[PDB]
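Enquirer: Below are the structure tokens for one structure; questions will follow.
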Number of protein chains: 4
Amino acid sequence: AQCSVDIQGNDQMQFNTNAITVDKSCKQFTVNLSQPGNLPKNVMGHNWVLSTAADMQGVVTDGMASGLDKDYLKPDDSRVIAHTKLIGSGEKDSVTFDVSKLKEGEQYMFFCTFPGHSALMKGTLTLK
Amino acid sequence: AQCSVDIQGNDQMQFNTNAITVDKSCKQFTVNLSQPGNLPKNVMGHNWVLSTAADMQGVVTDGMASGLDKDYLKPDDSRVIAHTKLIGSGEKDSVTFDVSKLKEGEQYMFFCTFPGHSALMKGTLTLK
Amino acid sequence: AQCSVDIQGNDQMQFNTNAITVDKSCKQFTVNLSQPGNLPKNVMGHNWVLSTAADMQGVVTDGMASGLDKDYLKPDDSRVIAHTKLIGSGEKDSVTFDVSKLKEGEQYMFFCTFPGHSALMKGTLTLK
Amino acid sequence: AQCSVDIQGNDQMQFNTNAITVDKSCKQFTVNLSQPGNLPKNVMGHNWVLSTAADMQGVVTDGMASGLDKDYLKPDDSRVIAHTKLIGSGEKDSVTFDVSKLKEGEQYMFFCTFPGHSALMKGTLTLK
Ligand SMILES: [Cu+2]
Ligand SMILES: [Cu+2]
Ligand SMILES: [Cu+2]
Ligand SMILES: [Cu+2]
């Protein structure tokens, strides 16, 4: 609602939303991530990473190779527009980015880079 | 929250929650279902059906055999404790049920009976 | 084997293979898709579509927006290297494509673009 | 060939077969599982568990909760007909079960109980 959304990854390896629309009138957008289940981050840790639909596979491939030590994301990956940290059960993290970094007409995807999760834990983001 | 929950079934064949807790102080519990997407019910229609974990397969099987006109649910199926109608994009439907029909110590599952959807559209309901 | 493969999509939204190897000596390669199930194409239609692993998500998103009469594929989608049409119960279709449209090394994916199906219906194709 | 099948589960949560046919003439049947991948047991561990289709959801829920050291299976779960251990990268494990445990006219499902996996890692087993 407004320029923010609350997203949560769960023990079923699913996100509560698979589509986000950021209104043109937002200077910034905030994503508050929560993990309501009871599984440790090493078994079911989730994060929210945003890139272009085109960069999704690269980020996911380089990400799952970095280990949970690096939250399953290549450090200083340029394709990642914004991301949360990798959290487990009971944790929460928020990320805020400037809407100036998104152009109308392009397709973005948000996803979880923890091994295998991106199969279900993905979704669309669009600036309208 | 209180004795109602709002559930969304979306166009990527996912519910927004896969676990529901019904407080024992609720005499009645209310599920409000909405379809936030743009696809029609003949293609991506969703409902919320409740049964025990044990009956889920029997209900899903007899259900997809009944067709769209029967909301993909078998009429007078005694395994269903409560259910919505099958809704499409933009539609909404609520169903209140009596919490005295659930008991402590039983595993219940909620699911969508539209063909194939219960693989991802399923979740737990337990009384507490 | 050699320059043809046969594949079946079923009512549980599963292809009977996860990987297709294309012998680099094949001039053209045929894929023969069949739907042995009972569900109609509007409820469980399956097609076989081929793109690079990087372009698949774009193809899946523009696909579901194009509707059933367009086989849930964007018309003249540059990223689609080859594709069958959407078939329902009983039906079969093939596509024969030129093998020089694939370069080796690169990763390719085959998947179904009918709504919600690609999360379960996908696999890899390698030129070997 | 013989009363045996050899099955793989890859790092992308996919078993290499959706269906297993057990010829009625076998006294016992053996499944030989291999995880031909690079990811370890705690991240992408897989197992082959067998139950009737009606019991699968119960097995998965109670399995999830049991933890890795219990191979994500409730100890002495009467609904589990047969199962392998939970394995990871380059491991193999076999299970042999009496075909007398199965009666025809009942539907069986094989699946992985590692968290999240069950929805994608599944298939049917039938007696012929
Ligand atoms: Cu995750
Ligand atoms: Cu549904
Ligand atoms: Cu399909
Ligand atoms: Cu597994």
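By convention here, the chains of the structure tokens are called A, B, ... in the order presented, each chain's residues are numbered starting at 1, and ligands are numbered starting at 1 in the order presented.
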Counting only C-alpha atoms and all ligand atoms, name the residues that have an atom within 12 Å of an atom of ligand 3; the answer should be given as an MDAnalysis selection string.

Expert: (chainID B and resid 43 115:116) or (chainID C and resid 8:15 33:35 37 39:49 60 64 68 71:72 84:89 110:122)

Enquirer: Counting only C-alpha atoms, what is within 9 Å of residue B:22, bar same-chain residues fewer than 5 positions away, as a ChimeraX atom specification?

Expert: /B:1-4,29,99,125-128

Enquirer: Let's see if you can do this: from backbone DSSP, list all strand (DSSP E or B) residues in chain B, as a ChimeraX atom specification.

Expert: /B:4-9,15,19-22,28-34,46,49-52,82-83,87,92-98,108-111,122-127

Enquirer: What does the C-alpha RMSD come to when chain B is least-squares superposed onto chain D, all C-alpha atoms paired in sequence order?

Expert: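 It comes to 0.5 Å after superposition.
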
Enquirer: Given the choices C:58, C:90, C:36, C:67, which gets closest to chain B if the distance is worked out from only C-alpha atoms?

Expert: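 Of C:58, C:90, C:36, C:67, the one nearest chain B, counting only C-alpha atoms, is C:67.
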
Enquirer: Determine which residues of chain A sit within 9 Å of chain C, taking into account only C-alpha atoms, and present them as a PyMOL selection string.

Expert: chain A and resi 53-58+107+109+119-120+124

Enquirer: Residues at most 6 Å from residue C:31, counting only C-alpha atoms, excluding those fewer than 2 positions away in the same chain, as a compact mmCIF listing (two decimals) with N, CA, C and O atoms, in the first residue's frame?

Expert:
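As written to disk, selection36.txt reads:
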```
# COMPACT_ATOMS: atom_id res chain seq x y z
N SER C 4 15.16 -36.85 -33.16
CA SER C 4 13.79 -36.68 -32.74
C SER C 4 13.66 -37.11 -31.29
O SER C 4 14.42 -37.97 -30.79
N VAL C 5 12.68 -36.48 -30.65
CA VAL C 5 12.32 -36.84 -29.30
C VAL C 5 10.78 -36.84 -29.22
O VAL C 5 10.10 -36.20 -30.04
N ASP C 6 10.22 -37.62 -28.30
CA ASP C 6 8.78 -37.73 -28.05
C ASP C 6 8.57 -37.34 -26.60
O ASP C 6 9.29 -37.83 -25.73
N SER C 94 3.90 -31.51 -33.47
CA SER C 94 5.34 -31.55 -33.54
C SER C 94 5.82 -30.22 -34.09
O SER C 94 5.06 -29.44 -34.69
N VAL C 95 7.10 -30.01 -33.84
CA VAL C 95 7.80 -28.88 -34.38
C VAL C 95 9.14 -29.46 -34.81
O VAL C 95 9.68 -30.36 -34.16
```
